[PDB]
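Proteins come first, then strands; the chains are lettered A, B, ... in the order of their sequence lines, and each starts at number 1.
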Amino acid sequence: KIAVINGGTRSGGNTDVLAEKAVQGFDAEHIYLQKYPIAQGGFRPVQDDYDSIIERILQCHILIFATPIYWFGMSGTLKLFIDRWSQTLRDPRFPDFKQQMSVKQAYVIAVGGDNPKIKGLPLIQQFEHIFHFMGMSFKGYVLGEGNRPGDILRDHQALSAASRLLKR
Amino acid sequence: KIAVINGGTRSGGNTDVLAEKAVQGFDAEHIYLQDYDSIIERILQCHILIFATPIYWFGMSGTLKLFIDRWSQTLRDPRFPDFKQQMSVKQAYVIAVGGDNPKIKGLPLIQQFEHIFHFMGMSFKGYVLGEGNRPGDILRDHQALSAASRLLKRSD
Amino acid sequence: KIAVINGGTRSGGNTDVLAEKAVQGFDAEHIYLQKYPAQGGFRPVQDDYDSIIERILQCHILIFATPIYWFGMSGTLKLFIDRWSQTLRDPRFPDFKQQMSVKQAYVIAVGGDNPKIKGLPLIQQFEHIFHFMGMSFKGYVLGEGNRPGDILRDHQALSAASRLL
Amino acid sequence: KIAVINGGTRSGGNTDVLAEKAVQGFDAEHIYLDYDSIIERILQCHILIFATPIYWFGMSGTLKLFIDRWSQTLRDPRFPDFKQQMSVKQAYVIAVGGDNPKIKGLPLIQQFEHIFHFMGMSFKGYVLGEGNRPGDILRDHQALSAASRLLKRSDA
Ligand SMILES: [Pt+2]
Ligand SMILES: [Pt+2]
Ligand SMILES: [Pt+2]
Ligand SMILES: [Pt+2]
Ligand SMILES: [Pt+2]
Ligand SMILES: [Pt+2]
Ligand SMILES: [Pt+2]
Ligand SMILES: [Pt+2]
Ligand SMILES: [Pt+2]
Ligand SMILES: [Pt+2]
Ligand SMILES: [Pt+2]
């Protein structure tokens with residue numbers, strides 16, 4: 001039903017925390033985009049399980065893209081994941097990808113430490129163009145403030161915004 | 001202490017309601033644009049300014065646009081010699097409601113306000129974009145209502 | 001065929017000059033939005049609003065030319081566009097929506113505060129406005145200038161204006 | 001003295017055509033995204049041109065991974081003056097795509113503006129060009145002209 005595509009870190013990370021507030025209680029598909037060390041910028045995304053991820057995403061009506069804001073954009077893992085949709089749109093193993101994605105609802109959770117409420121707007125507008133291209137309805141988002149793990153818990157505005165993320 | 005600069009039409013409209021949610025318990029001064037000099041005199045006396053405007057064509061109301069545009073005259077008015085200095089120490093907020101996916105399509109307007117405030121040296125402390133079509137509709141926008149109620153809180 | 005909606009100050013104005021170049025040679029319908037008593041010292045007048053609509057409705061290409069005031073369009077252009085809400089339900093112009101949905105739109109905006117960057121929100125606001133109307137946003141020019149004649153120094157803008165249509 | 005940081009590949013494609021129009025006559029260094037070696041080469045140039053095809057209304061994945069790594073460089077003891085060195089450089093952006101890029105690529109330009117501002121680098125200019133298939137960029141006369149004059153400080 002609901003999938004959370006996490007392009008941040010895991011266990012404690014501000015991205016994980018905010019996402020849990022948004023999907024609390026649901027039996028949501030939790031996707032974590034893998035990355036291997038070569039810490040921000042110290043990794044390289046791993047996409048060995050990309051097809052498995054697409055398979056899971058296709059079964060979900062609601063998609064929540066959760067990401068830290070790196071250099072005023074999304075994470076390296078989420079950027080390489082979305083860029084690969086270009087390949088999937090030409091993939092015979094997922095012949096109805098465009099149509100299937102077009103009926104889904106999308107949400108975004110992004111956390112940054114440099115006045116995200118303002119400096120994170122270009123990223124939200126970028127997501128707007130991405131979803132519009134796919135015909136996906138961009139239903140809502142949350143911009144949260146945080147630098148180190150767990151500091152999002154101090155952004156009460158973001159915590160309550162995430163809890164009220166899913167439209168009703 | 002707090003001034004709500006109302007750019008719509010005083011009539012229990014969605015923008016008015018959302019701004020009231022933000023200032024509940026603060027006993028703010030409500031300035032309805034829709035007497036320019038008196039308005040300027042009144043806002044200069046407030047530390048916090050909340051610009052509340054319905055969203056028209058992905059921007060502010062024509063009333064609020066004519067109001068801010070006239071600041072160009074005030075920046076050179078000898079009766080208000082310290083206008084820019086006084087404004088720069090104020091904290092500004094924006095509350096805007098519209099019926100066409102405003103939380104997403106109203107972002108350019110938020111960026112314009114960011115530039116206006118930065119130009120004046122004012123701190124842009126927060127904003128809330130809300131969704132509504134007919135009066136009262138905003139009371140169903142849980143996310144917006146929650147955000148407005150927390151707008152001016154120092155610790156919640 | 002082509003219409004230039006000018007929301008600035010005429011003759012010699014940076015906005016007038018760039019628009020002039022964009023439609024140089026063409027027999028374009030020149031629409032100037034009225035205003036009477038310098039920035040912020042006027043009040044737009046729309047007594048001729050209906051005749052202006054009648055004219056743009058006959059043009060396939062619409063060029064919106066405006067100075068950048070407070071990071072937005074001019075007061076006259078803002079009040080003009082805002083009124084489209086009334087026109088969209090006006091018995092006098094039964095087909096406004098459909099007629100506008102087939103026109104091509106362009107924007108020429110001039111500002112004195114690093115417009116190539118600070119004028120982007122305005123261009124994005126125009127993108128939403130045109131998309132709402134079904135109008136194709138074909139291109140734009142962001143010129144730098146604050147005083148009459150200044151736009152003659154922005155050769156990059158004059159070029160663009162020339163290569164706009 | 002100047003470097004073109006290409007986030008595409010060496011292929012003589014639309015982004016490369018536009019970038020070349022800008023550095024013609026400058027004998028610029030062409031870097032096609034040896035990370036440490038690349039950082040050393042760019043640190044020696046006072047003008048940096050970031051050239052990238054537009055993917056999903058953003059930069060290429062290759063350029064994204066490169067700029068993201070600056071976070072590591074900002075804390076790398078082997079490059080103790082990285083931030084300071086970059087701050088005195090002039091940055092330009094050349095970006096080409098086939099989905100109404102001059103309009104839909106604006107958020108990307110704003111991101112670059114934030115990236116450069118964070119580094120203290122002067123964002124001197126940019127060109128968004130239209131091109132769907134190889135060679136299409138030659139039809140975008142506005143972009144070709146803008147790229148031609150991008151680094152010029154004289155006219156005719
Ligand atoms: Pt994080
Ligand atoms: Pt469903
Ligand atoms: Pt990473
Ligand atoms: Pt106060
Ligand atoms: Pt405005
Ligand atoms: Pt002018
Ligand atoms: Pt035509
Ligand atoms: Pt005016
Ligand atoms: Pt040089
Ligand atoms: Pt290309
Ligand atoms: Pt990017």
Side-chain angles (χ1 to χ4, degrees), chain C residues 18-19 21-24 61-64 68 71-72 103-109 111 113-144 149-165, chain D residues 18 21-22 50 54 57-58 90-131 136-156:
Chain C
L18 277 190
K21 297 200 175 182
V23 305
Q24 200 186 311
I61 299 175
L62 303 183
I63 295 171
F64 293 83
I68 297 176
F71 307 100
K103 307 183 191 299
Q104 284 172 293
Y106 296 81
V107 169
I108 296 186
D113 192 342
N114 192 30
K116 76 168 179 294
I117 292 305
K118 293 175 187 179
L120 297 184
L122 171 58
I123 296 306
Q124 298 175 297
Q125 187 178 80
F126 272 122
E127 176 188 20
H128 288 319
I129 289 167
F130 299 140
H131 180 78
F132 179 89
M133 293 301 280
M135 304 163 69
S136 314
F137 191 0
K138 297 298 193 179
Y140 60 86
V141 182
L142 280 170
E144 198 171 309
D150 281 0
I151 201 63
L152 294 175
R153 173 190 171 181
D154 199 326
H155 296 280
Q156 296 179 55
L158 304 170
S159 303
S162 306
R163 307 166 180 298
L164 183 66
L165 296 177
Chain D
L18 205 53
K21 238 73 180 183
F50 289 85
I54 295 168
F57 309 98
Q90 293 186 309
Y92 294 91
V93 169
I94 291 183
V96 179
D99 189 7
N100 197 21
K102 294 180 188 193
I103 299 287
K104 297 182 185 172
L106 294 185
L108 168 61
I109 291 305
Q110 290 180 318
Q111 291 180 314
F112 271 120
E113 195 286 326
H114 289 315
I115 289 171
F116 299 142
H117 185 76
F118 174 86
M119 295 293 278
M121 310 171 279
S122 175
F123 189 9
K124 297 296 296 180
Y126 61 84
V127 182
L128 286 160
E130 308 167 322
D136 281 351
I137 191 70
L138 286 306
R139 308 297 84 171
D140 192 342
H141 301 298
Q142 173 177 39
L144 292 177
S145 175
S148 193
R149 301 277 97 188
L150 198 58
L151 306 174
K152 310 311 201 305
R153 293 177 70 176
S154 64
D155 298 304

- So which residues of residues 155-165 of chain C are in contact with chain D at a heavy-atom cut-off of under 4.5 Å? C:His155, C:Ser159, C:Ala160, C:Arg163
- Message: Suppose the criterion is salt bridge (charged side-chain N to carboxylate O under 4.0 Å, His left out): which pairs have a residue in residues 145-156 of chain D, not counting sequence neighbours?
- Response: none
Which donor-acceptor pairs under 3.5 Å do the side chains of residues 124-131 of chain D make with protein atoms, sequence neighbours left out?
from     : atom 1 : to       : atom 2 : distance (Å)
D:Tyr126 : OH     : C:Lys116 : O      : 2.7

- Anything in residues 126-136 of chain C with a heavy-atom distance to chain D below 4.5 Å? Please list those residues in order. C:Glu127
- Quick one: pull up CD1 in C:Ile123 and CD1 in D:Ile109 and give me the separation to the nearest 0.5 Å. 13.5 Å
- What pair of heavy atoms forms the shortest contact from C:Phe137 to D:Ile103, and how long is it? CE2-CD1, 3.3 Å
